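One chain comes next, on its own, written out as structure tokens in the form deposited in one PDB entry.
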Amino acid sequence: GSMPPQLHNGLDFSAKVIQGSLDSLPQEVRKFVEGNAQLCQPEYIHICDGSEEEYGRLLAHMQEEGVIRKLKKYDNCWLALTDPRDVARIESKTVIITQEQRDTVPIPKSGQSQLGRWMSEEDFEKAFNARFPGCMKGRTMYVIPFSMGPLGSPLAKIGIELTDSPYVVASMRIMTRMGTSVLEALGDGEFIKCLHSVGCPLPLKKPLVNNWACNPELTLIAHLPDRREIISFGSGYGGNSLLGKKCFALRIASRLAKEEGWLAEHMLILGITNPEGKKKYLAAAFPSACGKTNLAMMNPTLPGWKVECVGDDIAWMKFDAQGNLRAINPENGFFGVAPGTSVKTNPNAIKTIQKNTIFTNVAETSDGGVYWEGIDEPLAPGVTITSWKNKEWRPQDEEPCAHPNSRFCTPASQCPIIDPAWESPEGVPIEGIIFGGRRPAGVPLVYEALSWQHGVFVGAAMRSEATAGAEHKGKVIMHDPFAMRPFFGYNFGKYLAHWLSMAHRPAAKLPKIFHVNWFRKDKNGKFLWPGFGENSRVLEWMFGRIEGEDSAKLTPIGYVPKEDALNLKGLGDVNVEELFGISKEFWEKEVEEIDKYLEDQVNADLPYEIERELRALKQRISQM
């Protein structure tokens, strides 16, 4: 980029650049970098190249600074422990900026929307001015050029993230394609502008907790889709700071998708091969902390079945000229929930995470390894544990050894069952789409939608127990339509209309739509379904249905498996009565709840087809 004019020496940041060159940046990239440097006043500017040496040195630097620790039991793995105020997404501080509120969320009848948070442009400007001026004083501003999707993909989009956090830098290296090749690929093209600061300019005004720079009181994660900007202040935690992931690849991207005729979704993408040598790709939207990563890299218990992972969290999809729904994973790594992860529940993850992996808020064993709730693996006598709170911890204490939302951040290329087409620019053809969440009562193991319009309603109607992915506590059953409640880039009613419109386009090969429940419990609080690898039995049913197998019976909520259609061999004890039961009383209550929620929260933007599906379901239940 060209040197900016100036009458003094305060606008050209060249003298502060410690890696790279402002002169060699594309013009608009330099303007973005330099304009935000003038604002944030970093001491240095480091333009990331994405090299292993850059990565190695930056890790070493955080190490000597006490910001991360080396996990010496493994190969190039590292541990960060955060300030306990900065441990997850915060939905209440996550906002979208548009001229009119209705462009961002439907106007709720009750007056409080549960489908996003809108902030006026003028309110945002004030919030921005109270945060960012001088916020990087005494820090390095890192410039991360990154690509969502393989360098080529028709589906791929480039961002530049500016951050004062080396932790963000290292994590983005794993979770996106990052560095010099991205700038070369961008040229003078368009990019998403992403600005991040931990909100702790030097000298420190507040006491630093556990060497983790953050500003909880001022935390704000903002999205400005008209400006193509994401602006995030005060949090270093993944979902808030790795701007390509939730901020770009769901929130911004879903709005772009609506405008441009594609889809951006909170979905895994997996490839499943049967004993007859046939492979199908499926997508699944479950809410945060509801099993996507476990399903995407499942080790099937059924002989002759194979599952391969394309992506575990984000799907970008578009109908091609042939009418196939084609999906790509825009991420480059897995940012997975650690606790619960074991050789038993997710052996494929256990394999992936022992090299080149960054862990956040898990426990450390005295021999340099990791520990967490449900790791289900004994330690040798004499091995001791440091909790994620950096305290000595014993298996019989008050609190967990790892944070409930503790994460691993691991390269996708490492996964032993990574799908061979996971970086194909063409994407993979999706043949079914699975919705589901945590319902301890009433909702059977699996059912199939009656039609496209009904499947879109099933997505819209999704409810699920609260999890630790964000700020929500306890186990209350919440609405989480399409697993996208925290992530809609625009009015949910319009998003429903967008999904419905897919049925109207030329030669569209619409996928089969299913709904699952891994989480139904008996009257004792015991899970009725073993889950995990055993979920291959459900996927088998879905596979045959996609092929047109006569294996379904009609019920009021959709098609279910016929008696004996599911392979339950090796699971002789399963209470099929309760697991597959559909109660009129439960479903009457359920449909009334859905009706009130859609009326209140979607209101004037609720598409007629969805209100029709509600009426029809209500009618079918009334005839039980």
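Start at 1 with the first residue shown and count on from there. Superpose the two forms; the largest set of C-alphas matching within 1.5 Å is the rigid core.
Omitted here: the form deposited in another entry. The next part is about that form.
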query	finding
Residue from 278, 355, 227, 526 whose Cα, after superposing the rigid core, lies 2 Å or more away between this form and the one not shown	526
Cα displacement of residue 39 between this form and the one not shown reaching 2 Å, rigid core superposed	no
Shift of residue 575 between this form and the one not shown at or above 2 Å (CA, core fit)	yes
